[PDB]
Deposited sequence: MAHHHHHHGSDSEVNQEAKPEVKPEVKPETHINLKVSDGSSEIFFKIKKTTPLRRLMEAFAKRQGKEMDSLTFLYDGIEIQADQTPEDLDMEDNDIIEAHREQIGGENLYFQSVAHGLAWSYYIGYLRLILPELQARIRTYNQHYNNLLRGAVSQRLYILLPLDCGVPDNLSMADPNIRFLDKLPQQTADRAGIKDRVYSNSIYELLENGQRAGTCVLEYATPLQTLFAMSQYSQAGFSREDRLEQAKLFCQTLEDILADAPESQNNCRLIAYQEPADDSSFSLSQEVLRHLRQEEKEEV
């Protein structure tokens, strides 16, 4: 199916390439700024999975209690003929009553934007019914993949939601 391929490609072409070196990038960042407690960037990449497939480019649109703090220093690798293909990732502060309550690397799973766009292009032959069903299947397949993936054990957290996003991220950050 469309979602099956998308979940496998997101893992193979992106998560499996960035997750093994993520915790070293986070450790280097936290150690540089001596971040401890709430200011310490979480050891996991937090992946937003909106079931409605609405993927905005600016997170401080979905919730004002989610504030951009810094870029995580880039990872580079030679990839498919791109010399030093750059992997950029952003650190956000999660606010509660105006103060920093948590810190984490956060981004949306871009294949969910593909499902939304496919439902809008006539040549994709993909309905709004297909979009919602394939969004659920994408999330489930990705969960199944990451459960067994050797690169992705203790450094990734999926956040699926339907329509407070900051409270939800903080719920996850607090558990650990």
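Not built in the structure, per the record, are deposited positions 1-112, 276-282, 296-300.
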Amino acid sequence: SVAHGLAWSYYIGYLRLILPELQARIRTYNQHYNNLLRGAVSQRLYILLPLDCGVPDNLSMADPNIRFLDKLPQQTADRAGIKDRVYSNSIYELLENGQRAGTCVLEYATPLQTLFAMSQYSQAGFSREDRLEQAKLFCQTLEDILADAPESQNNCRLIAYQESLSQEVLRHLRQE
From here on, numbers count along this sequence of modelled residues.
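Basically, rigid core = biggest C-alpha set you can superpose within 1.5 Å across the two forms.
In 7 other deposited structures of this protein, superposed by the rigid core, the C-alpha atoms of 130-138 lie farther from the shown form than the other of 46-54 and 130-138. Modelled in this chain, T110 is likewise resolved in all the other entries of the protein that span it on both sides, not missing from even a third of them. Of the other entries compared for this protein that flank it with modelled residues, a third or more give no atoms for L36. The deposited model assigns a higher average Cα B-factor to 29-37 than to the other stretch when 29-37 and 135-143 are compared.
Two stretches are in play, 167-175 and 1-9, and the higher mean C-alpha B-factor belongs to 167-175. As recorded in the PDB entry, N65 shows the highest C-alpha B-factor of the residues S119, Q123, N65, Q113.
In the PDB entry, a CA B factor belonging to the highest third of its chain's modelled residues is recorded for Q99. Split the chain's modelled residues into thirds by C-alpha temperature factor. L49 is in the lowest one. Annotation for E129: C-alpha temperature factor in the highest third relative to the rest of the modelled chain, per the entry. Per the PDB record, residue ranking by Cα B-factor puts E107 in the lowest third of the chain.
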